[PDB]
Amino acid sequence: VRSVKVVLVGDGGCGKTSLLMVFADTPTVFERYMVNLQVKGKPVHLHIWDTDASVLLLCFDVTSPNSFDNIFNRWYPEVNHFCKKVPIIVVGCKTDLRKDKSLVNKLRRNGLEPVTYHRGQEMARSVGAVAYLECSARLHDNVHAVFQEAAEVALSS
Ligand SMILES: Nc1nc2c(ncn2[C@@H]2O[C@H](COP(=O)(O)OP(=O)(O)O)[C@@H](O)[C@H]2O)c(=O)[nH]1
Ligand SMILES: [Mg+2]
C-alpha cells in the first residue's frame with residue numbers, strides 16, 4: 001500500500017499550484033494534497049506539498065528565464081544544503097507558451113529566449129537532478145507523467 005512525499009519548489013508564478021490542480025482536479029503556509037496514483041502496476045498514496053519516501057520537484061516557467069536561472073542560483077543550493085540525499089527532478093512548466101509568438105517576441109526584445117528541452121536537460125545535469133520533465137497544466141499535457149516519474153524516482157531511493 002506504499003506511500004510517497006512530493007515537494008514542489010520554485011519561483012512564485014512559475015505554475016506550481018496549477019500543476020497540482022490539474023493533477024488533483026506572518027506565517028509560512030503549506031498545503032498538503034492526498035492524491036492516489038497507479039505506478040508500474042501498483043497503487044501509491046501521494047502526499048503533495050505546495051506553498052517517508054521523498055522527492056523534490058524544482059519547477060520553472062519555460063517562458064521566464066529568471067525562474068530558470070533561479071533553479072541553479074537559488075533552489076539547488078537551498079536543496080543541497082538542507083536535504084542531502086533527497087532526489088531532485090527539474091520540471092519545466094507552461095510548455096504551451098513556447099507556441100506564444102508575442103511572449104517569445106517580448107522575450108526576444110529584452111535579449112532573452114524561451115528555455116528549450118535540451119537546455120532544460122543541461123540545467124538538470126548541472127544541478128544533479130535525476131531527471132528533467134516538461135508539462136503544460138493548461139493543456140493537461142504530460143502532467144500525470146510528471147507525478148508518476150516523481151513516484152518511481154522516490155520509491156527507487
Ligand atoms: N499558459 C499557462 N499558464 C499557466 C500554466 N500553469 C499556470 N499558469 C498561469 O501562470 C500563473 C501562475 O500560476 P500558479 O500555479 O499560481 O504559479 P505558482 O505561484 O507557482 O503556483 C497563473 O496565471 C496561472 O494561470 C500553464 O501550463 N500554461
Ligand atoms: Mg502558488
# chains A, B, ... in the order shown; residues from 1 in each chain; ligands from 1
>>> residues_near_ligand(ligand="ligand 2", cutoff="6 Å", atoms="only C-alpha atoms and all ligand atoms", output="list in words")
residues 12, 16 and 17 of chain A
>>> residues_near_ligand(ligand="ligand 1", cutoff="7 Å", atoms="only C-alpha atoms and all ligand atoms", output="ChimeraX atom specification")
/A:10-19,93-97,135-139
>>> write_last_selection(atoms="N, CA and C atoms", output="PDB file, in the first residue's frame")
ATOM      1  N   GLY A  10      10.112  26.304  -6.268  1.00  0.00           N
ATOM      2  CA  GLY A  10      10.286  27.144  -7.457  1.00  0.00           C
ATOM      3  C   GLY A  10       9.723  28.517  -7.237  1.00  0.00           C
ATOM      4  N   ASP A  11      10.079  29.423  -8.138  1.00  0.00           N
ATOM      5  CA  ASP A  11       9.630  30.815  -8.030  1.00  0.00           C
ATOM      6  C   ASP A  11       8.109  30.909  -8.010  1.00  0.00           C
ATOM      7  N   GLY A  12       7.608  31.939  -7.341  1.00  0.00           N
ATOM      8  CA  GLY A  12       6.190  32.263  -7.375  1.00  0.00           C
ATOM      9  C   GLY A  12       5.781  32.567  -8.797  1.00  0.00           C
ATOM     10  N   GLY A  13       4.597  32.090  -9.183  1.00  0.00           N
ATOM     11  CA  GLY A  13       4.057  32.330 -10.525  1.00  0.00           C
ATOM     12  C   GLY A  13       4.614  31.417 -11.612  1.00  0.00           C
ATOM     13  N   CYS A  14       5.444  30.445 -11.235  1.00  0.00           N
ATOM     14  CA  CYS A  14       6.015  29.541 -12.243  1.00  0.00           C
ATOM     15  C   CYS A  14       5.093  28.352 -12.559  1.00  0.00           C
ATOM     16  N   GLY A  15       3.980  28.211 -11.838  1.00  0.00           N
ATOM     17  CA  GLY A  15       2.923  27.266 -12.230  1.00  0.00           C
ATOM     18  C   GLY A  15       2.710  26.070 -11.313  1.00  0.00           C
ATOM     19  N   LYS A  16       3.288  26.122 -10.115  1.00  0.00           N
ATOM     20  CA  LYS A  16       3.254  25.012  -9.170  1.00  0.00           C
ATOM     21  C   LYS A  16       1.831  24.651  -8.745  1.00  0.00           C
ATOM     22  N   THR A  17       1.089  25.617  -8.214  1.00  0.00           N
ATOM     23  CA  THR A  17      -0.269  25.364  -7.727  1.00  0.00           C
ATOM     24  C   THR A  17      -1.146  24.804  -8.846  1.00  0.00           C
ATOM     25  N   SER A  18      -0.973  25.333 -10.051  1.00  0.00           N
ATOM     26  CA  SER A  18      -1.756  24.901 -11.222  1.00  0.00           C
ATOM     27  C   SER A  18      -1.464  23.485 -11.662  1.00  0.00           C
ATOM     28  N   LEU A  19      -0.205  23.111 -11.563  1.00  0.00           N
ATOM     29  CA  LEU A  19       0.199  21.746 -11.844  1.00  0.00           C
ATOM     30  C   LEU A  19      -0.628  20.828 -10.938  1.00  0.00           C
ATOM     31  N   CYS A  93       7.590  24.077 -16.671  1.00  0.00           N
ATOM     32  CA  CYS A  93       6.140  24.291 -16.725  1.00  0.00           C
ATOM     33  C   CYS A  93       5.675  25.295 -17.809  1.00  0.00           C
ATOM     34  N   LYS A  94       4.382  25.250 -18.131  1.00  0.00           N
ATOM     35  CA  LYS A  94       3.780  26.131 -19.112  1.00  0.00           C
ATOM     36  C   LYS A  94       4.397  25.971 -20.512  1.00  0.00           C
ATOM     37  N   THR A  95       4.728  24.734 -20.893  1.00  0.00           N
ATOM     38  CA  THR A  95       5.353  24.467 -22.204  1.00  0.00           C
ATOM     39  C   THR A  95       4.480  24.913 -23.392  1.00  0.00           C
ATOM     40  N   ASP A  96       3.196  25.127 -23.139  1.00  0.00           N
ATOM     41  CA  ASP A  96       2.299  25.636 -24.168  1.00  0.00           C
ATOM     42  C   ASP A  96       2.689  27.042 -24.641  1.00  0.00           C
ATOM     43  N   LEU A  97       3.368  27.793 -23.776  1.00  0.00           N
ATOM     44  CA  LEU A  97       3.700  29.195 -24.063  1.00  0.00           C
ATOM     45  C   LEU A  97       4.898  29.425 -25.005  1.00  0.00           C
ATOM     46  N   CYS A 135       5.809  19.885 -18.910  1.00  0.00           N
ATOM     47  CA  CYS A 135       4.372  19.733 -18.965  1.00  0.00           C
ATOM     48  C   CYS A 135       3.719  21.076 -19.173  1.00  0.00           C
ATOM     49  N   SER A 136       2.451  21.024 -19.557  1.00  0.00           N
ATOM     50  CA  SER A 136       1.589  22.183 -19.580  1.00  0.00           C
ATOM     51  C   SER A 136       0.360  21.839 -18.762  1.00  0.00           C
ATOM     52  N   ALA A 137       0.151  22.536 -17.653  1.00  0.00           N
ATOM     53  CA  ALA A 137      -1.046  22.331 -16.863  1.00  0.00           C
ATOM     54  C   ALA A 137      -2.264  22.827 -17.639  1.00  0.00           C
ATOM     55  N   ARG A 138      -2.062  23.829 -18.490  1.00  0.00           N
ATOM     56  CA  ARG A 138      -3.148  24.392 -19.282  1.00  0.00           C
ATOM     57  C   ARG A 138      -3.757  23.386 -20.259  1.00  0.00           C
ATOM     58  N   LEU A 139      -2.917  22.609 -20.940  1.00  0.00           N
ATOM     59  CA  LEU A 139      -3.384  21.634 -21.923  1.00  0.00           C
ATOM     60  C   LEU A 139      -3.455  20.227 -21.349  1.00  0.00           C
TER      61      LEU A 139
END
>>> residues_around(residues="stretch 102-110 of chain A", least_positions_apart="6", cutoff="12 Å", atoms="only C-alpha atoms", output="mmCIF file with N, CA and C atoms, in the first residue's frame")
data_model
loop_
_atom_site.group_PDB
_atom_site.id
_atom_site.type_symbol
_atom_site.label_atom_id
_atom_site.label_comp_id
_atom_site.auth_asym_id
_atom_site.auth_seq_id
_atom_site.Cartn_x
_atom_site.Cartn_y
_atom_site.Cartn_z
ATOM 1 N N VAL A 62 8.915 27.847 -18.469
ATOM 2 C CA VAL A 62 9.809 27.872 -19.641
ATOM 3 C C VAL A 62 9.872 29.226 -20.375
ATOM 4 N N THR A 63 8.879 30.101 -20.172
ATOM 5 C CA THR A 63 8.910 31.455 -20.771
ATOM 6 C C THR A 63 9.408 32.563 -19.817
ATOM 7 N N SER A 64 9.900 32.157 -18.639
ATOM 8 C CA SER A 64 10.546 33.055 -17.657
ATOM 9 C C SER A 64 11.994 32.616 -17.412
ATOM 10 N N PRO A 65 12.931 33.124 -18.218
ATOM 11 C CA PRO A 65 14.332 32.848 -17.947
ATOM 12 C C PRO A 65 14.791 33.116 -16.503
ATOM 13 N N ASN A 66 14.167 34.050 -15.789
ATOM 14 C CA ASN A 66 14.532 34.241 -14.379
ATOM 15 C C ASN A 66 14.281 33.019 -13.506
ATOM 16 N N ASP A 96 3.196 25.127 -23.139
ATOM 17 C CA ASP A 96 2.299 25.636 -24.168
ATOM 18 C C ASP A 96 2.689 27.042 -24.641
#
>>> select_by_dssp(residues="chain A", states="strand (DSSP E or B)", output="PyMOL selection string")
chain A and resi 3-10+31-39+42-50+53-61+88-93+131-134+136+141
>>> write_last_selection(atoms="N, CA and C atoms", output="CSV table (one decimal), in the first residue's frame")
chain,number,residue,atom,x,y,z
A,3,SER,N,3.8,4.5,0.0
A,3,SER,CA,3.5,5.9,0.1
A,3,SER,C,4.7,6.9,-0.2
A,4,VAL,N,4.4,8.1,-0.7
A,4,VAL,CA,5.4,9.0,-1.2
A,4,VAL,C,5.2,10.5,-1.0
A,5,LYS,N,6.2,11.3,-0.7
A,5,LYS,CA,6.2,12.7,-0.4
A,5,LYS,C,6.7,13.5,-1.6
A,6,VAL,N,5.9,14.4,-2.2
A,6,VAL,CA,6.4,15.2,-3.3
A,6,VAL,C,6.4,16.7,-2.9
A,7,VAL,N,7.5,17.4,-2.9
A,7,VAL,CA,7.6,18.8,-2.6
A,7,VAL,C,7.8,19.6,-3.8
A,8,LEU,N,6.9,20.6,-4.0
A,8,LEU,CA,7.0,21.5,-5.2
A,8,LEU,C,7.8,22.7,-4.7
A,9,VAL,N,8.8,23.1,-5.5
A,9,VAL,CA,9.7,24.2,-5.2
A,9,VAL,C,10.0,25.0,-6.4
A,10,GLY,N,10.1,26.3,-6.3
A,10,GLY,CA,10.3,27.1,-7.5
A,10,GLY,C,9.7,28.5,-7.2
A,31,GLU,N,0.3,23.7,1.8
A,31,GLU,CA,-0.9,23.0,1.5
A,31,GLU,C,-0.5,21.6,1.2
A,32,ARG,N,-1.2,20.6,1.8
A,32,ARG,CA,-0.9,19.2,1.5
A,32,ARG,C,-2.1,18.5,0.9
A,33,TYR,N,-1.8,17.8,-0.3
A,33,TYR,CA,-2.8,17.1,-1.0
A,33,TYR,C,-2.6,15.6,-1.0
A,34,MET,N,-3.6,14.9,-0.7
A,34,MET,CA,-3.6,13.4,-0.7
A,34,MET,C,-4.2,13.0,-2.1
A,35,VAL,N,-3.3,12.6,-3.0
A,35,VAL,CA,-3.7,12.1,-4.3
A,35,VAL,C,-3.2,10.6,-4.5
A,36,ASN,N,-4.1,9.8,-5.0
A,36,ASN,CA,-3.7,8.4,-5.4
A,36,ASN,C,-3.3,8.3,-6.8
A,37,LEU,N,-2.2,7.5,-7.1
A,37,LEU,CA,-1.8,7.2,-8.5
A,37,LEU,C,-1.5,5.7,-8.5
A,38,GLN,N,-1.6,5.2,-9.7
A,38,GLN,CA,-1.2,3.8,-10.0
A,38,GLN,C,0.2,4.0,-10.7
A,39,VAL,N,1.2,3.3,-10.1
A,39,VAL,CA,2.6,3.3,-10.7
A,39,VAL,C,3.1,1.9,-11.0
A,42,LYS,N,1.0,-0.9,-9.7
A,42,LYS,CA,0.5,-0.9,-8.3
A,42,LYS,C,0.1,0.5,-7.8
A,43,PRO,N,-0.8,0.6,-6.8
A,43,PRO,CA,-1.2,1.8,-6.3
A,43,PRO,C,-0.3,2.5,-5.2
A,44,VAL,N,-0.3,3.8,-5.2
A,44,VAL,CA,0.6,4.6,-4.3
A,44,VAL,C,-0.1,5.8,-3.8
A,45,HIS,N,-0.1,6.1,-2.5
A,45,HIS,CA,-0.6,7.4,-2.0
A,45,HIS,C,0.5,8.4,-2.1
A,46,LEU,N,0.1,9.5,-2.9
A,46,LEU,CA,1.0,10.7,-2.9
A,46,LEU,C,0.5,11.7,-1.9
A,47,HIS,N,1.5,12.3,-1.2
A,47,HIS,CA,1.3,13.5,-0.4
A,47,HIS,C,2.0,14.6,-1.1
A,48,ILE,N,1.3,15.6,-1.7
A,48,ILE,CA,2.0,16.7,-2.4
A,48,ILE,C,1.9,18.0,-1.6
A,49,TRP,N,3.1,18.6,-1.4
A,49,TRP,CA,3.2,19.8,-0.6
A,49,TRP,C,3.4,21.1,-1.5
A,50,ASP,N,2.6,22.1,-1.3
A,50,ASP,CA,2.7,23.3,-2.0
A,50,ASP,C,2.8,24.5,-1.1
A,53,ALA,N,9.2,8.2,2.1
A,53,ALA,CA,10.0,8.3,0.8
A,53,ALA,C,9.7,9.6,0.1
A,54,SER,N,10.7,10.3,-0.4
A,54,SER,CA,10.6,11.7,-0.8
A,54,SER,C,11.2,12.0,-2.2
A,55,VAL,N,10.8,13.1,-2.7
A,55,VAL,CA,11.3,13.6,-4.0
A,55,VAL,C,10.9,15.1,-4.1
A,56,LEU,N,11.8,15.9,-4.7
A,56,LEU,CA,11.7,17.3,-4.8
A,56,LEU,C,11.5,17.6,-6.3
A,57,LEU,N,10.5,18.4,-6.6
A,57,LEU,CA,10.3,18.9,-8.0
A,57,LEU,C,10.7,20.4,-8.0
A,58,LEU,N,11.8,20.7,-8.5
A,58,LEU,CA,12.3,22.0,-8.8
A,58,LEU,C,11.6,22.5,-10.1
A,59,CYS,N,10.7,23.4,-9.9
A,59,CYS,CA,9.8,23.9,-11.1
A,59,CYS,C,10.3,25.3,-11.6
A,60,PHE,N,10.2,25.4,-12.9
A,60,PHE,CA,10.3,26.7,-13.5
A,60,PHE,C,9.4,26.9,-14.7
A,61,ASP,N,9.1,28.2,-15.0
A,61,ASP,CA,8.3,28.6,-16.2
A,61,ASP,C,9.2,28.6,-17.4
A,88,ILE,N,16.0,14.9,-6.8
A,88,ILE,CA,15.5,16.1,-7.5
A,88,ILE,C,15.2,15.7,-8.9
A,89,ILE,N,13.9,16.2,-9.3
A,89,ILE,CA,13.5,16.3,-10.7
A,89,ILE,C,13.3,17.7,-11.0
A,90,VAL,N,13.9,18.2,-12.2
A,90,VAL,CA,13.6,19.5,-12.7
A,90,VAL,C,12.4,19.5,-13.6
A,91,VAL,N,11.4,20.3,-13.3
A,91,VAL,CA,10.2,20.3,-14.1
A,91,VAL,C,10.0,21.6,-14.8
A,92,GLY,N,10.0,21.6,-16.2
A,92,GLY,CA,9.7,22.8,-16.9
A,92,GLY,C,8.2,23.0,-17.2
A,93,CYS,N,7.6,24.1,-16.7
A,93,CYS,CA,6.1,24.3,-16.7
A,93,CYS,C,5.7,25.3,-17.8
A,131,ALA,N,16.2,13.6,-13.2
A,131,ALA,CA,15.5,13.7,-14.5
A,131,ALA,C,15.1,15.2,-14.8
A,132,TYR,N,14.7,15.4,-16.0
A,132,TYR,CA,14.1,16.6,-16.4
A,132,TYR,C,12.8,16.3,-17.2
A,133,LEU,N,11.7,16.9,-16.9
A,133,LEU,CA,10.5,16.7,-17.5
A,133,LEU,C,9.8,18.0,-17.8
A,134,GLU,N,8.8,18.0,-18.6
A,134,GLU,CA,8.1,19.2,-19.1
A,134,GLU,C,6.6,18.9,-19.1
A,136,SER,N,2.5,21.0,-19.6
A,136,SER,CA,1.6,22.2,-19.6
A,136,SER,C,0.4,21.8,-18.8
A,141,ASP,N,-1.1,18.5,-20.5
A,141,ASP,CA,-0.1,17.8,-21.3
A,141,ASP,C,1.0,17.3,-20.4
>>> select_by_dssp(residues="chain A", states="helix (DSSP H, G or I)", output="PyMOL selection string")
chain A and resi 16-24+65-82+95-98+101-109+117-126+143-156
>>> decode(residues="stretch 74-127 of chain A", atoms="C-alpha atoms", output="short mmCIF file (atom, residue, chain, number, x, y, z; two decimals), in the first residue's frame")
data_model
loop_
_atom_site.label_atom_id
_atom_site.label_comp_id
_atom_site.auth_asym_id
_atom_site.auth_seq_id
_atom_site.Cartn_x
_atom_site.Cartn_y
_atom_site.Cartn_z
CA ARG A 74 18.73 29.91 -5.51
CA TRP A 75 16.96 26.46 -5.31
CA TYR A 76 19.84 23.99 -5.97
CA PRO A 77 21.91 25.44 -3.11
CA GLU A 78 18.91 25.50 -0.73
CA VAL A 79 18.11 21.88 -1.66
CA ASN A 80 21.76 20.75 -1.48
CA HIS A 81 22.32 22.27 1.98
CA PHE A 82 19.17 21.05 3.82
CA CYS A 83 18.07 17.78 2.12
CA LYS A 84 21.37 15.94 1.37
CA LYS A 85 20.24 12.66 -0.23
CA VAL A 86 16.71 13.54 -1.45
CA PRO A 87 16.06 13.09 -5.18
CA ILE A 88 15.54 16.09 -7.50
CA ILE A 89 13.54 16.26 -10.71
CA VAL A 90 13.60 19.54 -12.67
CA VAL A 91 10.19 20.28 -14.13
CA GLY A 92 9.68 22.84 -16.92
CA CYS A 93 6.14 24.29 -16.72
CA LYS A 94 3.78 26.13 -19.11
CA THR A 95 5.35 24.47 -22.20
CA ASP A 96 2.30 25.64 -24.17
CA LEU A 97 3.70 29.19 -24.06
CA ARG A 98 6.62 28.44 -26.43
CA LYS A 99 3.99 28.45 -29.18
CA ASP A 100 3.05 32.00 -27.90
CA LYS A 101 4.59 34.35 -30.50
CA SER A 102 4.02 37.59 -28.52
CA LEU A 103 5.68 36.35 -25.35
CA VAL A 104 8.59 34.93 -27.38
CA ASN A 105 8.84 38.30 -29.11
CA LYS A 106 8.67 40.22 -25.80
CA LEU A 107 11.44 37.88 -24.61
CA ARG A 108 13.42 38.45 -27.83
CA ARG A 109 13.05 42.24 -27.29
CA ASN A 110 14.74 42.11 -23.84
CA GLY A 111 17.52 39.89 -25.23
CA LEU A 112 16.02 36.69 -23.76
CA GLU A 113 14.78 33.40 -25.31
CA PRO A 114 12.42 30.54 -24.30
CA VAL A 115 14.09 27.65 -22.46
CA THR A 116 14.30 24.65 -24.83
CA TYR A 117 14.10 20.98 -23.82
CA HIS A 118 17.81 20.42 -24.48
CA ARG A 119 18.74 23.38 -22.31
CA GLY A 120 16.34 22.23 -19.55
CA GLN A 121 18.19 18.91 -19.61
CA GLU A 122 21.53 20.70 -19.19
CA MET A 123 20.14 22.53 -16.13
CA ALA A 124 19.13 19.15 -14.72
CA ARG A 125 22.65 17.78 -15.13
CA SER A 126 24.26 20.84 -13.54
CA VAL A 127 22.02 20.51 -10.51
#
